[PDB]
**Q** 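Before I ask anything, let me first share the structure, which is written out below as structure tokens.
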Amino acid sequence: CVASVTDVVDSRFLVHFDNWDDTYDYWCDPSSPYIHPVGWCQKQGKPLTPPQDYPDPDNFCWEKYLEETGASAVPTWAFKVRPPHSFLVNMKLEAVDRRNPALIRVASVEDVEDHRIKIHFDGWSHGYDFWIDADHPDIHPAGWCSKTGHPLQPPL
Amino acid sequence: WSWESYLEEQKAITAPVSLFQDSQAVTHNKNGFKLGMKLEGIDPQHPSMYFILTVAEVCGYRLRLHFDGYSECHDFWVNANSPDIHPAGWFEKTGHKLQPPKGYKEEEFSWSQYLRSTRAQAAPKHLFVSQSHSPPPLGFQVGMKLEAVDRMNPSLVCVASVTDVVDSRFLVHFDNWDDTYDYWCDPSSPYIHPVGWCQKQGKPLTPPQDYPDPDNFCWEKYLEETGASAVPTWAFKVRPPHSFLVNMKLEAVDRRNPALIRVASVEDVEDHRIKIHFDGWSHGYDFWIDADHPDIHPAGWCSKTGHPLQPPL
Amino acid sequence: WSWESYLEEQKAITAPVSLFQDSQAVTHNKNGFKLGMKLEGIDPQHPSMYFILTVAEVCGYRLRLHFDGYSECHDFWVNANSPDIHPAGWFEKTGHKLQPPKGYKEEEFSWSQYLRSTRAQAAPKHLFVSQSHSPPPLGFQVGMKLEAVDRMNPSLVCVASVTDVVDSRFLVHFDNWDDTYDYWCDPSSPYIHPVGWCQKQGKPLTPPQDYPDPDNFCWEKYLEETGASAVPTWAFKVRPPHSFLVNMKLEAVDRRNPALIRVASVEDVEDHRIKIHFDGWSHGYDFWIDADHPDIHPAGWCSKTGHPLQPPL
Amino acid sequence: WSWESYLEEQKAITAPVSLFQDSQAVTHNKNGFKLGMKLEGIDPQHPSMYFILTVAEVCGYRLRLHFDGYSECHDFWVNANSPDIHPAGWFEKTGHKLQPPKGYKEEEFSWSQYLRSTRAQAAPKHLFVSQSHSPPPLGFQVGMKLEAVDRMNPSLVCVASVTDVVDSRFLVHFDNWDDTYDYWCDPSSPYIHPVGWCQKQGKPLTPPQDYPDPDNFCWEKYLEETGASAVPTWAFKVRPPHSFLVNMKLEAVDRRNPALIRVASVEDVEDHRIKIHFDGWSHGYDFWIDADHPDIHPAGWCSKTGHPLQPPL
Amino acid sequence: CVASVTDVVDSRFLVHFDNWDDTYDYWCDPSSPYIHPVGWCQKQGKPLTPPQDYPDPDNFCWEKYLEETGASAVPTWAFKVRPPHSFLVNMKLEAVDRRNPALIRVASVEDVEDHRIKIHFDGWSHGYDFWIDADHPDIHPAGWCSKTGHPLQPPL
């Protein structure tokens, strides 16, 4: 989708979906795999979603939109993709419980993508399993709870 | 079992009585409805229409209602203080349409004759909390227009009308649609907003179905055209967010079998809704419900009204 | 409460049913009007004009009517057997002018289109006692002239015309004035008299407003001049004085809030009017009313039609 | 602004003068209280205690009183026919304690010396409706015990004593609790009951504060231990419910700014109380008040006594 | 009211009100809209007037009364629907003058009911108007007087 930089804080920036409120927005850095330069969808043969209520969506044109909003594109060179992570299936770690964020549990890598891992809480239903970005702040190496002074929920 | 002991072992609390509407909490009223008694009420699946109903079953402060002439599969449960039932003769006295028992015609039906023919008793008037004997809710008159969230598709705010007024409540109807999506509410409902709320807030307004030039919808000209006035902005009251917190326990009707009420817990919260979990059962049965829904109740409600309580699993 | 008990403790009687017109007394007709239904009717404050009206509220055998497009502050109550309301399409079929809903033009308005646009129902024809399907009142034709008491200033008898005829009734208009002083009546009305009644009886005749040479007013030449004929003397019927007596009790709409009907008493009488007193309230609220007024009724009327009765204070 | 025009505009009715106690309705008495006059009175917050008070302001039939020696933030308003104020010398002649002006000792205060020090005048005796000269409330003697509703915590019915008798009223005091819970009443008060009432009704009885054995409070033993009698059952009288109805209009003193009196409506009713709503203001300012409370009045009370009336808004 | 057949003459029968003056009796036929089978009032929720001087007027009961009186009910099948008449308001006809029955006058149908017409004598006060059953022997079509040789009174 058509997006804009709306905030910059140290090495991070806030990505905003034009004509939406901010409920779908997210913070990231230049290596995020979720962002691409103006023109990327066109070069890759993928459909670009225009702003929520852009007057004539089928005919959306970046060069025209940029002109009319008085805006420029983030330069193509600024997008510096991070390499895929190296978490492998069955590797164990600790992860915040999403249903109850006060708790941290023993967890395993159920499944992998280039930038994401599927978390499984050991001893629990696989229905609680969830996909999470590999750089998410709420996953941690084994031993993190013990070394930081936080209780770890054992499996079951 | 007992609540007292359960709260000790779980180290939890019940949702305090003060968190509930008086109507969800009240246990000291007698259920005067009796088997076979006849009355009128709304069809839950078609909340604009009224039918002849018979008391099929009573369980504490609840009753199961049957649609006279129709199949028993449509039977449904209400509380004895339901505002959606009315005494015999109420339709005629208040400008509502009666859908008569299967096989009758609207104007072929007489209560007098029906009662003689069935030898039944009409449920006495004094049982009913809602009989249109109370002055309406402030500023909501039939025909008036507003903006309303489609509760079935909550990402939509739509052109709506008031089409029914009964005591403190009114019926929200979506223009050019079925009554299937309609719903009853009061002036403090967080689902309704004044004309011009969409444009002022930013979100788009869904115009009536099959309307000429949908994207080109103008409120002020729709109003003039339909000889309608917008509900005035002073009429829409603030209902504060409820104060239920996660892990508070309560009693809740089981939607999979409404004859049953269970021990339950607040699993999650929004401003105006809570997520119910039945203690001892899978989270897959967890469901979102409005905080002012008639089918949730403070701990103790079952015991004090004489309805069985399903203990946790 | 109960009438039976009240009459014992007060040692009084109710005004017998036979003292009332059939139309003031009738309780056995169903009110078929329903919320949202559309119709036509007179504006009470401008009784020569017709408007599009919507049923806003029903209470027993009464309804509250709303002027489409206009403010809810003009809403008014009528009985379901009111002759001053008519079905959709009646204006066109009977030679009356429609004042259309706010923002429309007289000839821009179509019922067909209006109903499609509002998705409303027109109140069915069979609900209406007055649809101009009955042959008029004997000898009163539009354009004809008579003498009429200004009901707002009863010390005046004035030059008047018939300007409207609908079933058994006709509209009395005062020449060269507003419709504000006009009123509906029948041939037995004690407020109307033939041409030449003033001179024969002795009292002076108020001639039309802004008429040339007021004190020099001649009926026979006014008639020739206006190409009008006088209503013939055989047309004016004797209505006998009513037979209400002081202390008879009855039911009466409260003029301070017409949604309400109260226990009342005959405080005083004239030939054609009674003075109403609301039992338990101050005499300061006492008001004179015509004996044939639609808003007075025999004891029991409320109970038998399904309208609340305000007990005495 | 006028009442008449407002009532017509709102199709509204005022509560009749006949619904009020004479003392709430009386407008034809002169206010003889003057600035700087000195008197005695109860603290409205500690109704068992008596202070030297000075007239700080007069507004119609009302006066603002100041506690001598203390801050003006404690000033309060009463009506000139208040039974909670007394002439200089009253406390000494009737067995009541004086809380003297700030910095005096009780034995140290003398009215004659104080009047000389201040060069002030005592309000004359003839102004005062209550001087303890009229007949006492039958059956209620100082020291006698009863069961009373805690009006601050009305779910509780409690062990209580008569601790004061002044003219036709008596003071209810909750045994060993703060005097701030005390209230004045008469034999007909719906908040008091004879010893044993809770037992007969199956209601829990709140024992005195710090009762040595709170588990087994027993009335017979307590009466014996305390050298006290019960108020006999015959002394307790049925007070009939009031006759105020919802939406009736009246005048009421503003609780938050008691200098002011506002246009008000009856929002809700109970048997002995009315819920007041100030016209034009938020319903969040609504409050319950006993129907016999000195600070509600019929429409017209302000204009007739010379007090400004605040219009709606 | 409780009534009995007390006379049968050709195609008609006489209805008599049990223990009341014979002045209330009237002749009718099976199609009369004024008669109904025993039980009709009960079925319609209408009050039934018992015989005059009935020994226990509170609890009049048809079954007991029939038994006590050695009487049968007219069977329900005997009762026939008579269709409403087809007279319309303002139609003109000839009618015998009730007050001076030697005379027959020009008349109009002032009002209608299902089985009755209200007669108005043309030219006379409406105060002389009267209701009459449509099958009454003393109303006649226009021309009846001239064809039978009876004087007709003109309007006035």
Side-chain angles (χ1 to χ4, degrees), chain B residues 100-101 103-120, chain C residues 26-30 126, chain E residues 1-89 91 93 95 109 111-119 130-141:
Chain B
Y104 280 75
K105 314 287 172 192
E106 214 258 337
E107 288 231 292
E108 275 191 350
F109 179 84
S110 155
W111 265 116
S112 303
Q113 173 93 293
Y114 193 58
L115 296 173
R116 242 163 10 223
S117 173
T118 52
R119 277 196 162 282
Chain C
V26 64
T27 58
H28 68 55
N29 299 327
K30 294 306 187 49
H126 70 269
Chain E
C1 319
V2 172
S4 310
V5 180
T6 55
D7 206 339
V8 167
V9 177
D10 293 284
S11 77
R12 303 186 314 156
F13 60 88
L14 183 75
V15 173
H16 171 65
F17 294 91
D18 290 23
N19 205 39
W20 260 287
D21 193 328
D22 112 281
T23 195
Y24 295 106
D25 297 1
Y26 54 86
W27 285 93
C28 39
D29 67 53
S31 71
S32 168
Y34 304 106
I35 60 179
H36 307 289
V38 162
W40 181 88
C41 276
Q42 184 193 319
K43 298 274 87 70
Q44 296 293 163
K46 190 153 197 202
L48 184 277
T49 307
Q52 188 172 33
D53 302 335
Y54 186 66
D56 194 6
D58 286 335
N59 36 271
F60 177 81
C61 171
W62 260 125
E63 298 310 297
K64 295 293 158 286
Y65 185 59
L66 289 165
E67 176 184 88
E68 286 172 328
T69 62
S72 318
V74 175
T76 56
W77 64 253
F79 292 83
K80 303 305 182 162
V81 301
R82 134 116 45 107
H85 66 74
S86 302
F87 292 91
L88 298 177
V89 167
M91 284 177 167
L93 70 156
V109 176
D111 203 0
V112 299
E113 255 175 38
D114 272 339
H115 306 299
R116 306 203 296 162
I117 61 173
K118 196 190 218 283
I119 294 289
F130 60 97
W131 283 103
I132 197 160
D133 273 85
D135 66 337
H136 196 288
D138 289 344
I139 63 164
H140 302 291

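Residue numbers start from 1 in every chain, and the chains themselves are labelled A, B, ... in the order their sequence lines are given, proteins ahead of strands.
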**Q** Measure the spacing between SG of E:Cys1 and CH2 of E:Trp20 and express it to the nearest 0.5 Å.
**A**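 Separation between the atoms: 6.0 Å.
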**Q** Could you tell me which residues satisfy side-chain contact (heavy atoms from CB on, under 4.5 Å) with E:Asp53, sequence neighbours excluded, listed by chain and number?
**A**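 By the side-chain contact (heavy atoms from CB on, under 4.5 Å) rule, E:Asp53 matches E:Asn19.
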**Q** For atom CZ of E:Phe130, decide whether the heavy atoms of other residues, nucleotides or ligands shown that lie under 6.0 angstrom number more than 12.
**A**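 Enclosed.
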**Q** Not counting sequence neighbours, which residues clear salt bridge (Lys or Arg N to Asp or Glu O under 4.0 Å) with E:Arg12? List them please.
**A**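 With neighbours one apart ignored, the set is empty.
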**Q** Quick one: side-chain contact (heavy atoms from CB on, under 4.5 Å) partners of B:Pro101, sequence neighbours excluded?
**A**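 By the side-chain contact (heavy atoms from CB on, under 4.5 Å) rule, B:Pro101 matches B:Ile52, B:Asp68, B:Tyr104, B:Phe109, B:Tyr114.
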**Q** When rounded to the nearest 0.5 angstrom, what is the spacing between CD1 in E:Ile117 and CG in E:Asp135?
**A**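 Reported to 0.5 Å precision, the distance equals 10.5 Å.
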**Q** E:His115: which residues meet the ring pair (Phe, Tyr, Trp, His ring centres under 6.0 Å) condition with it, sequence neighbours left out?
**A**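 Counting only residues at least two positions away or on another chain, E:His115 forms no ring pair (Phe, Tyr, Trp, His ring centres under 6.0 Å).
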**Q** Please enumerate all residues that pass ring pair (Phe, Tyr, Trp, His ring centres under 6.0 Å) together with E:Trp40, with sequence neighbours excluded.
**A**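 Testing E:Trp40 for ring pair (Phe, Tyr, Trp, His ring centres under 6.0 Å), a comparison that skips the adjacent residues, returns E:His36.
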**Q** Return the set of residues passing side-chain contact (heavy atoms from CB on, under 4.5 Å) with C:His28 (not counting sequence neighbours), or none when no residue passes.
**A**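 C:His28: side-chain contact (heavy atoms from CB on, under 4.5 Å) contacts with C:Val26.
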**Q** Suppose we screen for side-chain contact (heavy atoms from CB on, under 4.5 Å). Which residues come up paired with E:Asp10, at least two apart in sequence or across chains?
**A**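 E:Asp10 satisfies side-chain contact (heavy atoms from CB on, under 4.5 Å) with no other residue.
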**Q** With a 3.5 Å cut-off and sequence neighbours excluded, list the donor-acceptor pairs that the side chains of residues 42-52 of chain E form with protein atoms.
**A**
none

**Q** So do E:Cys28 and E:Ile35 actually touch side chain to side chain, heavy atoms under 4.5 Å?
**A**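 Yes, side chains in contact.
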**Q** Suppose we screen for salt bridge (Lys or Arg N to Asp or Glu O under 4.0 Å). Which residues come up paired with E:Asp111, at least two apart in sequence or across chains?
**A**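 Result, salt bridge (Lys or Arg N to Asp or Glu O under 4.0 Å) vs E:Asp111: none returned.
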**Q** Output the distance between atom OG1 (E:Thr6) and atom CG (E:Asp22), rounded to the nearest 0.5 Å.
**A**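 Between atom OG1 of E:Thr6 and atom CG of E:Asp22 there are 8.5 Å.
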**Q** CZ/E:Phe13 to CG/E:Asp7 distance, rounded to the nearest 0.5 angstrom?
**A**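 Reported to 0.5 Å precision, the distance equals 11.5 Å.
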**Q** What is the minimum heavy-atom distance between E:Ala95 and E:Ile119, and which atoms define it?
**A**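 Result for this residue pair: CB-CG2, 4.2 Å.
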**Q** For E:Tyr54, what residues pass the ring pair (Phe, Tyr, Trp, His ring centres under 6.0 Å) criterion, not counting sequence neighbours?
**A**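 In terms of ring pair (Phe, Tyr, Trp, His ring centres under 6.0 Å), with neighbours along the sequence ignored, E:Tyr54 is linked to E:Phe60, E:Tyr65.
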**Q** Looking at side-chain heavy atoms only, is the closest gap between E:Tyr34 and E:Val15 below 4.5 Å?
**A**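 Side chain of E:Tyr34 against side chain of E:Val15, heavy atoms only: no contact under 4.5 Å found.
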**Q** Sequence neighbours left out, what pairs pass salt bridge (charged side-chain N to carboxylate O under 4.0 Å, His left out) with at least one residue falling in residues 55-79 of chain E?
**A**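 Found none.
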**Q** Which side-chain N or O atoms in residues 72-88 of chain E pair as donor and acceptor under 3.5 Å with protein atoms at least two apart or in another chain?
**A**
from    : atom 1 : to       : atom 2 : distance (Å)
E:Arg82 : NE     : E:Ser31  : OG     : 3.2
E:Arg82 : NH2    : E:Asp29  : OD2    : 3.2
E:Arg82 : NH2    : E:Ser31  : OG     : 3.2
E:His85 : ND1    : E:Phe87  : N      : 3.0
E:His85 : NE2    : E:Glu113 : O      : 2.8
E:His85 : NE2    : E:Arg116 : O      : 3.0

